[PDB]
Every structure is written in C-alpha cells, then in structure tokens.
$ cat upload-v7.cif   # mmCIF, N, CA and C atoms and all ligand atoms; chains and numbers go by the auth columns
data_my_file
#
loop_
_atom_site.group_PDB
_atom_site.id
_atom_site.type_symbol
_atom_site.label_atom_id
_atom_site.label_comp_id
_atom_site.label_asym_id
_atom_site.label_seq_id
_atom_site.Cartn_x
_atom_site.Cartn_y
_atom_site.Cartn_z
_atom_site.B_iso_or_equiv
_atom_site.auth_seq_id
_atom_site.auth_asym_id
ATOM 1 N N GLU A 1 33.707 -4.565 -19.118 0.00 1 A
ATOM 2 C CA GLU A 1 32.296 -4.567 -18.729 0.00 1 A
ATOM 3 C C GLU A 1 31.670 -5.982 -18.651 0.00 1 A
ATOM 4 N N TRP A 2 31.860 -6.786 -19.703 0.00 2 A
ATOM 5 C CA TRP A 2 31.272 -8.129 -19.744 0.00 2 A
ATOM 6 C C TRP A 2 31.842 -8.991 -18.616 0.00 2 A
ATOM 7 N N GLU A 3 33.150 -8.993 -18.503 0.00 3 A
ATOM 8 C CA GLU A 3 33.828 -9.774 -17.502 0.00 3 A
ATOM 9 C C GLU A 3 33.406 -9.377 -16.103 0.00 3 A
ATOM 10 N N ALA A 4 33.320 -8.091 -15.825 0.00 4 A
ATOM 11 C CA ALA A 4 32.891 -7.620 -14.516 0.00 4 A
ATOM 12 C C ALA A 4 31.507 -8.180 -14.167 0.00 4 A
ATOM 13 N N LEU A 5 30.559 -8.244 -15.149 0.00 5 A
ATOM 14 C CA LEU A 5 29.209 -8.780 -14.901 0.00 5 A
ATOM 15 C C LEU A 5 29.212 -10.293 -14.675 0.00 5 A
ATOM 16 N N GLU A 6 29.848 -11.043 -15.550 0.00 6 A
ATOM 17 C CA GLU A 6 29.868 -12.480 -15.384 0.00 6 A
ATOM 18 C C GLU A 6 30.467 -12.938 -14.038 0.00 6 A
ATOM 19 N N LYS A 7 31.534 -12.305 -13.597 0.00 7 A
ATOM 20 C CA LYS A 7 32.193 -12.611 -12.314 0.00 7 A
ATOM 21 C C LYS A 7 31.233 -12.331 -11.138 0.00 7 A
ATOM 22 N N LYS A 8 30.564 -11.159 -11.165 0.00 8 A
ATOM 23 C CA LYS A 8 29.603 -10.756 -10.140 0.00 8 A
ATOM 24 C C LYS A 8 28.432 -11.741 -10.130 0.00 8 A
ATOM 25 N N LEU A 9 28.020 -12.202 -11.326 0.00 9 A
ATOM 26 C CA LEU A 9 26.926 -13.144 -11.490 0.00 9 A
ATOM 27 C C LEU A 9 27.258 -14.516 -10.891 0.00 9 A
ATOM 28 N N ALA A 10 28.476 -15.032 -11.161 0.00 10 A
ATOM 29 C CA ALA A 10 28.917 -16.333 -10.630 0.00 10 A
ATOM 30 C C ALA A 10 28.976 -16.285 -9.097 0.00 10 A
ATOM 31 N N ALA A 11 29.469 -15.167 -8.525 0.00 11 A
ATOM 32 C CA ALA A 11 29.560 -14.973 -7.069 0.00 11 A
ATOM 33 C C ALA A 11 28.150 -14.977 -6.472 0.00 11 A
ATOM 34 N N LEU A 12 27.207 -14.285 -7.137 0.00 12 A
ATOM 35 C CA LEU A 12 25.822 -14.244 -6.659 0.00 12 A
ATOM 36 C C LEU A 12 25.175 -15.632 -6.742 0.00 12 A
ATOM 37 N N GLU A 13 25.485 -16.410 -7.792 0.00 13 A
ATOM 38 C CA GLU A 13 24.951 -17.781 -7.876 0.00 13 A
ATOM 39 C C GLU A 13 25.428 -18.637 -6.700 0.00 13 A
ATOM 40 N N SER A 14 26.733 -18.544 -6.354 0.00 14 A
ATOM 41 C CA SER A 14 27.327 -19.294 -5.244 0.00 14 A
ATOM 42 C C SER A 14 26.653 -18.878 -3.928 0.00 14 A
ATOM 43 N N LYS A 15 26.434 -17.565 -3.755 0.00 15 A
ATOM 44 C CA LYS A 15 25.773 -17.041 -2.543 0.00 15 A
ATOM 45 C C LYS A 15 24.360 -17.602 -2.464 0.00 15 A
ATOM 46 N N UNK A 16 23.645 -17.583 -3.600 0.00 16 A
ATOM 47 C CA UNK A 16 22.267 -18.074 -3.701 0.00 16 A
ATOM 48 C C UNK A 16 22.137 -19.503 -3.144 0.00 16 A
ATOM 49 N N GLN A 17 23.032 -20.390 -3.606 0.00 17 A
ATOM 50 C CA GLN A 17 23.049 -21.790 -3.186 0.00 17 A
ATOM 51 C C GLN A 17 23.324 -21.892 -1.676 0.00 17 A
ATOM 52 N N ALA A 18 24.268 -21.074 -1.169 0.00 18 A
ATOM 53 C CA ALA A 18 24.628 -21.074 0.239 0.00 18 A
ATOM 54 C C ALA A 18 23.445 -20.632 1.095 0.00 18 A
ATOM 55 N N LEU A 19 22.713 -19.592 0.652 0.00 19 A
ATOM 56 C CA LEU A 19 21.551 -19.122 1.431 0.00 19 A
ATOM 57 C C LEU A 19 20.398 -20.122 1.418 0.00 19 A
ATOM 58 N N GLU A 20 20.250 -20.865 0.314 0.00 20 A
ATOM 59 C CA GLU A 20 19.208 -21.899 0.264 0.00 20 A
ATOM 60 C C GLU A 20 19.508 -22.952 1.347 0.00 20 A
ATOM 61 N N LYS A 21 20.794 -23.394 1.452 0.00 21 A
ATOM 62 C CA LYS A 21 21.187 -24.377 2.468 0.00 21 A
ATOM 63 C C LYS A 21 21.021 -23.814 3.876 0.00 21 A
ATOM 64 N N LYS A 22 21.308 -22.517 4.038 0.00 22 A
ATOM 65 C CA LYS A 22 21.213 -21.853 5.338 0.00 22 A
ATOM 66 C C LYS A 22 19.752 -21.758 5.795 0.00 22 A
ATOM 67 N N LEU A 23 18.863 -21.365 4.878 0.00 23 A
ATOM 68 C CA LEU A 23 17.424 -21.237 5.203 0.00 23 A
ATOM 69 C C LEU A 23 16.891 -22.634 5.571 0.00 23 A
ATOM 70 N N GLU A 24 17.268 -23.679 4.794 0.00 24 A
ATOM 71 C CA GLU A 24 16.775 -25.026 5.154 0.00 24 A
ATOM 72 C C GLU A 24 17.234 -25.432 6.535 0.00 24 A
ATOM 73 N N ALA A 25 18.521 -25.147 6.898 0.00 25 A
ATOM 74 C CA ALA A 25 19.036 -25.461 8.233 0.00 25 A
ATOM 75 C C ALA A 25 18.298 -24.693 9.316 0.00 25 A
ATOM 76 N N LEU A 26 17.962 -23.419 9.033 0.00 26 A
ATOM 77 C CA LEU A 26 17.236 -22.614 10.008 0.00 26 A
ATOM 78 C C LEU A 26 15.834 -23.169 10.258 0.00 26 A
ATOM 79 N N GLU A 27 15.145 -23.556 9.187 0.00 27 A
ATOM 80 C CA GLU A 27 13.813 -24.157 9.329 0.00 27 A
ATOM 81 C C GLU A 27 13.937 -25.501 10.063 0.00 27 A
ATOM 82 N N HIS A 28 14.945 -26.280 9.688 0.00 28 A
ATOM 83 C CA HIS A 28 15.000 -27.681 10.120 0.00 28 A
ATOM 84 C C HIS A 28 15.352 -27.868 11.585 0.00 28 A
ATOM 85 N N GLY A 29 16.100 -26.912 12.134 0.00 29 A
ATOM 86 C CA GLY A 29 16.469 -26.921 13.547 0.00 29 A
ATOM 87 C C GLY A 29 15.428 -26.279 14.443 0.00 29 A
ATOM 88 N N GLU B 1 19.529 -2.863 -23.630 0.00 1 B
ATOM 89 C CA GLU B 1 19.519 -4.240 -23.103 0.00 1 B
ATOM 90 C C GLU B 1 20.645 -4.515 -22.116 0.00 1 B
ATOM 91 N N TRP B 2 21.862 -4.029 -22.398 0.00 2 B
ATOM 92 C CA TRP B 2 22.947 -4.286 -21.455 0.00 2 B
ATOM 93 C C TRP B 2 22.683 -3.556 -20.119 0.00 2 B
ATOM 94 N N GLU B 3 22.201 -2.315 -20.214 0.00 3 B
ATOM 95 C CA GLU B 3 21.888 -1.524 -19.020 0.00 3 B
ATOM 96 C C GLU B 3 20.830 -2.228 -18.169 0.00 3 B
ATOM 97 N N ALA B 4 19.840 -2.862 -18.814 0.00 4 B
ATOM 98 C CA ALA B 4 18.790 -3.616 -18.124 0.00 4 B
ATOM 99 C C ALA B 4 19.385 -4.847 -17.426 0.00 4 B
ATOM 100 N N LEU B 5 20.391 -5.505 -18.037 0.00 5 B
ATOM 101 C CA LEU B 5 21.069 -6.659 -17.396 0.00 5 B
ATOM 102 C C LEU B 5 21.841 -6.180 -16.153 0.00 5 B
ATOM 103 N N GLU B 6 22.548 -5.034 -16.281 0.00 6 B
ATOM 104 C CA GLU B 6 23.307 -4.430 -15.174 0.00 6 B
ATOM 105 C C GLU B 6 22.343 -4.071 -14.034 0.00 6 B
ATOM 106 N N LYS B 7 21.199 -3.459 -14.382 0.00 7 B
ATOM 107 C CA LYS B 7 20.216 -3.039 -13.391 0.00 7 B
ATOM 108 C C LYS B 7 19.623 -4.258 -12.678 0.00 7 B
ATOM 109 N N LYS B 8 19.322 -5.335 -13.442 0.00 8 B
ATOM 110 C CA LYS B 8 18.767 -6.561 -12.855 0.00 8 B
ATOM 111 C C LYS B 8 19.789 -7.208 -11.927 0.00 8 B
ATOM 112 N N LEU B 9 21.049 -7.318 -12.375 0.00 9 B
ATOM 113 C CA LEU B 9 22.085 -7.894 -11.517 0.00 9 B
ATOM 114 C C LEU B 9 22.220 -7.100 -10.196 0.00 9 B
ATOM 115 N N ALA B 10 22.308 -5.759 -10.281 0.00 10 B
ATOM 116 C CA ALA B 10 22.427 -4.916 -9.075 0.00 10 B
ATOM 117 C C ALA B 10 21.246 -5.107 -8.137 0.00 10 B
ATOM 118 N N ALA B 11 20.022 -5.174 -8.675 0.00 11 B
ATOM 119 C CA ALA B 11 18.831 -5.323 -7.835 0.00 11 B
ATOM 120 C C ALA B 11 18.860 -6.702 -7.181 0.00 11 B
ATOM 121 N N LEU B 12 19.303 -7.741 -7.919 0.00 12 B
ATOM 122 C CA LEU B 12 19.379 -9.095 -7.321 0.00 12 B
ATOM 123 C C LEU B 12 20.506 -9.217 -6.306 0.00 12 B
ATOM 124 N N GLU B 13 21.630 -8.509 -6.520 0.00 13 B
ATOM 125 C CA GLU B 13 22.734 -8.489 -5.529 0.00 13 B
ATOM 126 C C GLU B 13 22.188 -7.900 -4.205 0.00 13 B
ATOM 127 N N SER B 14 21.401 -6.802 -4.292 0.00 14 B
ATOM 128 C CA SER B 14 20.827 -6.169 -3.102 0.00 14 B
ATOM 129 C C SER B 14 19.806 -7.076 -2.419 0.00 14 B
ATOM 130 N N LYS B 15 18.958 -7.773 -3.203 0.00 15 B
ATOM 131 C CA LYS B 15 17.934 -8.694 -2.690 0.00 15 B
ATOM 132 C C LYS B 15 18.668 -9.828 -1.957 0.00 15 B
ATOM 133 N N UNK B 16 19.725 -10.367 -2.625 0.00 16 B
ATOM 134 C CA UNK B 16 20.546 -11.454 -2.121 0.00 16 B
ATOM 135 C C UNK B 16 21.149 -11.082 -0.725 0.00 16 B
ATOM 136 N N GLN B 17 21.766 -9.888 -0.655 0.00 17 B
ATOM 137 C CA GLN B 17 22.371 -9.404 0.582 0.00 17 B
ATOM 138 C C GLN B 17 21.330 -9.158 1.666 0.00 17 B
ATOM 139 N N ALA B 18 20.149 -8.654 1.295 0.00 18 B
ATOM 140 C CA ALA B 18 19.101 -8.371 2.296 0.00 18 B
ATOM 141 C C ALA B 18 18.623 -9.692 2.907 0.00 18 B
ATOM 142 N N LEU B 19 18.446 -10.708 2.065 0.00 19 B
ATOM 143 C CA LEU B 19 18.029 -12.028 2.601 0.00 19 B
ATOM 144 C C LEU B 19 19.146 -12.612 3.496 0.00 19 B
ATOM 145 N N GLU B 20 20.400 -12.524 3.067 0.00 20 B
ATOM 146 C CA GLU B 20 21.528 -13.007 3.874 0.00 20 B
ATOM 147 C C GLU B 20 21.527 -12.354 5.251 0.00 20 B
ATOM 148 N N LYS B 21 21.295 -11.020 5.295 0.00 21 B
ATOM 149 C CA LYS B 21 21.270 -10.288 6.552 0.00 21 B
ATOM 150 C C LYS B 21 20.201 -10.863 7.499 0.00 21 B
ATOM 151 N N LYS B 22 18.969 -11.116 6.988 0.00 22 B
ATOM 152 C CA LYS B 22 17.915 -11.674 7.846 0.00 22 B
ATOM 153 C C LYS B 22 18.272 -13.084 8.275 0.00 22 B
ATOM 154 N N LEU B 23 18.762 -13.917 7.350 0.00 23 B
ATOM 155 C CA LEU B 23 19.129 -15.301 7.748 0.00 23 B
ATOM 156 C C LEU B 23 20.241 -15.300 8.813 0.00 23 B
ATOM 157 N N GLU B 24 21.215 -14.409 8.680 0.00 24 B
ATOM 158 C CA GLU B 24 22.312 -14.365 9.664 0.00 24 B
ATOM 159 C C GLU B 24 21.798 -13.828 10.993 0.00 24 B
ATOM 160 N N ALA B 25 20.859 -12.861 10.951 0.00 25 B
ATOM 161 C CA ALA B 25 20.308 -12.314 12.186 0.00 25 B
ATOM 162 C C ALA B 25 19.530 -13.395 12.913 0.00 25 B
ATOM 163 N N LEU B 26 18.752 -14.189 12.180 0.00 26 B
ATOM 164 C CA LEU B 26 17.935 -15.191 12.848 0.00 26 B
ATOM 165 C C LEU B 26 18.776 -16.386 13.294 0.00 26 B
ATOM 166 N N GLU B 27 19.779 -16.782 12.513 0.00 27 B
ATOM 167 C CA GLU B 27 20.499 -17.983 12.927 0.00 27 B
ATOM 168 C C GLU B 27 21.454 -17.737 14.130 0.00 27 B
ATOM 169 N N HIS B 28 21.870 -16.490 14.398 0.00 28 B
ATOM 170 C CA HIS B 28 22.715 -16.176 15.572 0.00 28 B
ATOM 171 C C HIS B 28 22.022 -15.325 16.585 0.00 28 B
ATOM 172 N N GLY B 29 20.788 -14.966 16.328 0.00 29 B
ATOM 173 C CA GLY B 29 20.082 -14.019 17.162 0.00 29 B
ATOM 174 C C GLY B 29 19.496 -14.487 18.460 0.00 29 B
ATOM 175 N N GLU C 1 27.305 -15.093 -25.000 0.00 1 C
ATOM 176 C CA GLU C 1 25.898 -14.856 -25.328 0.00 1 C
ATOM 177 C C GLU C 1 25.141 -14.177 -24.188 0.00 1 C
ATOM 178 N N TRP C 2 24.482 -13.080 -24.529 0.00 2 C
ATOM 179 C CA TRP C 2 23.692 -12.295 -23.580 0.00 2 C
ATOM 180 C C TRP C 2 22.496 -13.107 -23.076 0.00 2 C
ATOM 181 N N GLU C 3 21.904 -13.976 -23.930 0.00 3 C
ATOM 182 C CA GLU C 3 20.796 -14.829 -23.476 0.00 3 C
ATOM 183 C C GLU C 3 21.244 -15.742 -22.335 0.00 3 C
ATOM 184 N N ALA C 4 22.503 -16.216 -22.333 0.00 4 C
ATOM 185 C CA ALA C 4 23.008 -17.091 -21.245 0.00 4 C
ATOM 186 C C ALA C 4 22.986 -16.317 -19.922 0.00 4 C
ATOM 187 N N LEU C 5 23.394 -15.017 -19.941 0.00 5 C
ATOM 188 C CA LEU C 5 23.351 -14.148 -18.750 0.00 5 C
ATOM 189 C C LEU C 5 21.919 -13.890 -18.309 0.00 5 C
ATOM 190 N N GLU C 6 21.031 -13.615 -19.281 0.00 6 C
ATOM 191 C CA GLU C 6 19.609 -13.353 -19.040 0.00 6 C
ATOM 192 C C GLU C 6 18.994 -14.549 -18.300 0.00 6 C
ATOM 193 N N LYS C 7 19.273 -15.765 -18.800 0.00 7 C
ATOM 194 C CA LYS C 7 18.745 -17.012 -18.236 0.00 7 C
ATOM 195 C C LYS C 7 19.217 -17.214 -16.792 0.00 7 C
ATOM 196 N N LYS C 8 20.518 -16.991 -16.526 0.00 8 C
ATOM 197 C CA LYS C 8 21.110 -17.127 -15.191 0.00 8 C
ATOM 198 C C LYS C 8 20.524 -16.103 -14.242 0.00 8 C
ATOM 199 N N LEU C 9 20.338 -14.861 -14.705 0.00 9 C
ATOM 200 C CA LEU C 9 19.699 -13.831 -13.874 0.00 9 C
ATOM 201 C C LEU C 9 18.253 -14.199 -13.564 0.00 9 C
ATOM 202 N N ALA C 10 17.505 -14.707 -14.563 0.00 10 C
ATOM 203 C CA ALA C 10 16.104 -15.087 -14.324 0.00 10 C
ATOM 204 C C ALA C 10 16.038 -16.230 -13.290 0.00 10 C
ATOM 205 N N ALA C 11 16.938 -17.220 -13.404 0.00 11 C
ATOM 206 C CA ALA C 11 16.986 -18.360 -12.473 0.00 11 C
ATOM 207 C C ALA C 11 17.322 -17.866 -11.052 0.00 11 C
ATOM 208 N N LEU C 12 18.261 -16.892 -10.923 0.00 12 C
ATOM 209 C CA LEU C 12 18.612 -16.310 -9.609 0.00 12 C
ATOM 210 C C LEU C 12 17.451 -15.540 -9.018 0.00 12 C
ATOM 211 N N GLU C 13 16.745 -14.747 -9.843 0.00 13 C
ATOM 212 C CA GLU C 13 15.574 -14.012 -9.376 0.00 13 C
ATOM 213 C C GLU C 13 14.503 -14.978 -8.864 0.00 13 C
ATOM 214 N N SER C 14 14.256 -16.100 -9.588 0.00 14 C
ATOM 215 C CA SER C 14 13.265 -17.094 -9.156 0.00 14 C
ATOM 216 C C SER C 14 13.682 -17.730 -7.823 0.00 14 C
ATOM 217 N N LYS C 15 14.991 -18.056 -7.676 0.00 15 C
ATOM 218 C CA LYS C 15 15.525 -18.658 -6.441 0.00 15 C
ATOM 219 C C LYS C 15 15.333 -17.649 -5.314 0.00 15 C
ATOM 220 N N UNK C 16 15.711 -16.359 -5.545 0.00 16 C
ATOM 221 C CA UNK C 16 15.539 -15.282 -4.563 0.00 16 C
ATOM 222 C C UNK C 16 14.092 -15.183 -4.091 0.00 16 C
ATOM 223 N N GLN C 17 13.139 -15.195 -5.013 0.00 17 C
ATOM 224 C CA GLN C 17 11.734 -15.121 -4.610 0.00 17 C
ATOM 225 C C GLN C 17 11.344 -16.387 -3.816 0.00 17 C
ATOM 226 N N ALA C 18 11.842 -17.567 -4.222 0.00 18 C
ATOM 227 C CA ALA C 18 11.475 -18.828 -3.545 0.00 18 C
ATOM 228 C C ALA C 18 11.996 -18.813 -2.107 0.00 18 C
ATOM 229 N N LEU C 19 13.239 -18.347 -1.912 0.00 19 C
ATOM 230 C CA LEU C 19 13.790 -18.292 -0.537 0.00 19 C
ATOM 231 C C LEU C 19 13.102 -17.257 0.320 0.00 19 C
ATOM 232 N N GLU C 20 12.782 -16.096 -0.261 0.00 20 C
ATOM 233 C CA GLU C 20 12.039 -15.078 0.503 0.00 20 C
ATOM 234 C C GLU C 20 10.692 -15.634 0.914 0.00 20 C
ATOM 235 N N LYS C 21 10.017 -16.367 -0.023 0.00 21 C
ATOM 236 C CA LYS C 21 8.706 -16.933 0.295 0.00 21 C
ATOM 237 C C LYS C 21 8.773 -17.915 1.467 0.00 21 C
ATOM 238 N N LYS C 22 9.763 -18.814 1.425 0.00 22 C
ATOM 239 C CA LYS C 22 9.924 -19.833 2.474 0.00 22 C
ATOM 240 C C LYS C 22 10.325 -19.162 3.785 0.00 22 C
ATOM 241 N N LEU C 23 11.231 -18.181 3.742 0.00 23 C
ATOM 242 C CA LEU C 23 11.603 -17.506 5.008 0.00 23 C
ATOM 243 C C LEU C 23 10.394 -16.793 5.634 0.00 23 C
ATOM 244 N N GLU C 24 9.586 -16.131 4.805 0.00 24 C
ATOM 245 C CA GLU C 24 8.403 -15.436 5.335 0.00 24 C
ATOM 246 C C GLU C 24 7.439 -16.445 5.968 0.00 24 C
ATOM 247 N N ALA C 25 7.214 -17.590 5.298 0.00 25 C
ATOM 248 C CA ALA C 25 6.354 -18.610 5.898 0.00 25 C
ATOM 249 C C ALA C 25 6.944 -19.117 7.230 0.00 25 C
ATOM 250 N N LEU C 26 8.273 -19.285 7.294 0.00 26 C
ATOM 251 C CA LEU C 26 8.922 -19.753 8.511 0.00 26 C
ATOM 252 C C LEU C 26 8.770 -18.755 9.654 0.00 26 C
ATOM 253 N N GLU C 27 9.064 -17.477 9.369 0.00 27 C
ATOM 254 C CA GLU C 27 8.972 -16.453 10.427 0.00 27 C
ATOM 255 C C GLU C 27 7.562 -16.299 10.939 0.00 27 C
ATOM 256 N N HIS C 28 6.571 -16.474 10.065 0.00 28 C
ATOM 257 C CA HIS C 28 5.164 -16.366 10.482 0.00 28 C
ATOM 258 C C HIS C 28 4.582 -17.707 10.974 0.00 28 C
ATOM 259 N N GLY C 29 5.410 -18.758 10.989 0.00 29 C
ATOM 260 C CA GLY C 29 5.000 -20.084 11.446 0.00 29 C
ATOM 261 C C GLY C 29 4.821 -20.176 12.943 0.00 29 C
HETATM 262 CL CL CL D . 17.270 -11.449 -24.977 0.00 101 D
HETATM 263 ZN ZN ZN D . 25.669 -17.443 10.256 0.00 102 D
HETATM 264 ZN ZN ZN D . 6.568 -10.937 7.747 0.00 103 D
HETATM 265 ZN ZN ZN D . 11.647 -11.112 10.664 0.00 104 D
HETATM 266 ZN ZN ZN D . 2.411 -12.328 10.017 0.00 105 D
#
$ encode --input "upload-v7.cif" --output "structure tokens" --more "lines below"
Ligand SMILES: [Cl-]
Ligand SMILES: [Zn+2]
Ligand SMILES: [Zn+2]
Ligand SMILES: [Zn+2]
Ligand SMILES: [Zn+2]
Amino acid sequence: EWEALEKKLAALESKXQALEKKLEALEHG
Amino acid sequence: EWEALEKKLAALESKXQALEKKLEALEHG
Amino acid sequence: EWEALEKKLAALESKXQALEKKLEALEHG
C-alpha cells in the first residue's frame, strides 16, 4: 500500500513539472 | 488518515490528467 | 513519514490550482 502511493505520487510530481513547462510554452508562443 | 491521503492523491491524479488533456488539445489543436 | 506525503500532496494541489488559474487566464485572454 505505502509503496504503491509513493510511486504514484512521484509520477504525478514529474507530470506536474512537465505541465508547468507546457503551459508556459503555450502562453509564450 | 491513510484513506484521506489515497482520496487526495486520486483526486489530484484526475485534476492532473484533466489539465494535461486541455493543454494537449490546445497545443495541437 | 506520512507528513512527508501530506506535504508533497499539498504542494501538488497548490501547483495544480496555480496552473489551472494561469490556463484559464490565458484562454480568456
Ligand atoms: Cl498529519
Ligand atoms: Zn503535446
Ligand atoms: Zn473558461
Ligand atoms: Zn478551453
Ligand atoms: Zn470568459
């Protein structure tokens, strides 16, 4: 249970950072 | 408390995916 | 530590709200 949550959490953090860069690129272009 | 962490993670995973869907629709649309 | 997970989830939720806010301002720009 713990491991399943932490792994899902790390993946969501990586996605979060990627979407922040994507939104900035969308605004900036 | 653990159930609340699971529920928060699931709701944020869905929020995360919904935002990704709009960003991908707009950047290739 | 469960507080470490709580903190990471809170930071992701704040990032999620910040990106949604900026995307909404962009789309309505
Ligand atoms: Cl706590
Ligand atoms: Zn794309
Ligand atoms: Zn709107
Ligand atoms: Zn829209
Ligand atoms: Zn409007």
$ resolve_selection --input "upload-v7.cif" --expression "the PyMOL selection byres (((chain C and resi 12-16 and name CA) around 9) and not hetatm and name CA)" --output "JSON list (two decimals) with N, CA and C atoms, keeping the file's coordinate frame"
[["chain", "number", "residue", "atom", "x", "y", "z"],
["A", 12, "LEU", "N", 27.21, -14.28, -7.14],
["A", 12, "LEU", "CA", 25.82, -14.24, -6.66],
["A", 12, "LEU", "C", 25.18, -15.63, -6.74],
["A", 13, "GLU", "N", 25.48, -16.41, -7.79],
["A", 13, "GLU", "CA", 24.95, -17.78, -7.88],
["A", 13, "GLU", "C", 25.43, -18.64, -6.70],
["A", 16, "UNK", "N", 23.64, -17.58, -3.60],
["A", 16, "UNK", "CA", 22.27, -18.07, -3.70],
["A", 16, "UNK", "C", 22.14, -19.50, -3.14],
["A", 17, "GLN", "N", 23.03, -20.39, -3.61],
["A", 17, "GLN", "CA", 23.05, -21.79, -3.19],
["A", 17, "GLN", "C", 23.32, -21.89, -1.68],
["A", 20, "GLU", "N", 20.25, -20.86, 0.31],
["A", 20, "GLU", "CA", 19.21, -21.90, 0.26],
["A", 20, "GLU", "C", 19.51, -22.95, 1.35],
["B", 8, "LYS", "N", 19.32, -5.34, -13.44],
["B", 8, "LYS", "CA", 18.77, -6.56, -12.86],
["B", 8, "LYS", "C", 19.79, -7.21, -11.93],
["B", 12, "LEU", "N", 19.30, -7.74, -7.92],
["B", 12, "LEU", "CA", 19.38, -9.10, -7.32],
["B", 12, "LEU", "C", 20.51, -9.22, -6.31],
["B", 15, "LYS", "N", 18.96, -7.77, -3.20],
["B", 15, "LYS", "CA", 17.93, -8.69, -2.69],
["B", 15, "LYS", "C", 18.67, -9.83, -1.96],
["B", 16, "UNK", "N", 19.73, -10.37, -2.62],
["B", 16, "UNK", "CA", 20.55, -11.45, -2.12],
["B", 16, "UNK", "C", 21.15, -11.08, -0.72],
["B", 19, "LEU", "N", 18.45, -10.71, 2.06],
["B", 19, "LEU", "CA", 18.03, -12.03, 2.60],
["B", 19, "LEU", "C", 19.15, -12.61, 3.50],
["C", 7, "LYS", "N", 19.27, -15.76, -18.80],
["C", 7, "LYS", "CA", 18.74, -17.01, -18.24],
["C", 7, "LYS", "C", 19.22, -17.21, -16.79],
["C", 8, "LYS", "N", 20.52, -16.99, -16.53],
["C", 8, "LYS", "CA", 21.11, -17.13, -15.19],
["C", 8, "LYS", "C", 20.52, -16.10, -14.24],
["C", 9, "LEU", "N", 20.34, -14.86, -14.70],
["C", 9, "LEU", "CA", 19.70, -13.83, -13.87],
["C", 9, "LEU", "C", 18.25, -14.20, -13.56],
["C", 10, "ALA", "N", 17.50, -14.71, -14.56],
["C", 10, "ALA", "CA", 16.10, -15.09, -14.32],
["C", 10, "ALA", "C", 16.04, -16.23, -13.29],
["C", 11, "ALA", "N", 16.94, -17.22, -13.40],
["C", 11, "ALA", "CA", 16.99, -18.36, -12.47],
["C", 11, "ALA", "C", 17.32, -17.87, -11.05],
["C", 17, "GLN", "N", 13.14, -15.20, -5.01],
["C", 17, "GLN", "CA", 11.73, -15.12, -4.61],
["C", 17, "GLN", "C", 11.34, -16.39, -3.82],
["C", 18, "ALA", "N", 11.84, -17.57, -4.22],
["C", 18, "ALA", "CA", 11.48, -18.83, -3.54],
["C", 18, "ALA", "C", 12.00, -18.81, -2.11],
["C", 19, "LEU", "N", 13.24, -18.35, -1.91],
["C", 19, "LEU", "CA", 13.79, -18.29, -0.54],
["C", 19, "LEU", "C", 13.10, -17.26, 0.32],
["C", 20, "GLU", "N", 12.78, -16.10, -0.26],
["C", 20, "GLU", "CA", 12.04, -15.08, 0.50],
["C", 20, "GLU", "C", 10.69, -15.63, 0.91],
["C", 21, "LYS", "N", 10.02, -16.37, -0.02],
["C", 21, "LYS", "CA", 8.71, -16.93, 0.30],
["C", 21, "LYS", "C", 8.77, -17.92, 1.47]]
$ resolve_selection --input "upload-v7.cif" --expression "the PyMOL selection byres (((not hetatm) and name CA) within 12 of (chain D and resi 105))" --output "JSON, numbers by chain"
{"C": [23, 24, 25, 26, 27, 28, 29]}
$ atom_distance --input "upload-v7.cif" --atom1 "atom CA of residue 6 of chain B" --atom2 "atom CA of residue 3 of chain C"
13.5 Å
$ atom_distance --input "upload-v7.cif" --atom1 "atom CL of ligand CL 101 (chain D)" --atom2 "atom C of residue 2 of chain C"
5.8 Å
$ axis_aligned_box --input "upload-v7.cif" --around "segment 20-25 of chain C" --padding-each-side "8 Å" --output "AutoDock Vina command-line options"
--center_x 9.6 --center_y -17.5 --center_z 3.5 --size_x 22.4 --size_y 20.8 --size_z 23.5
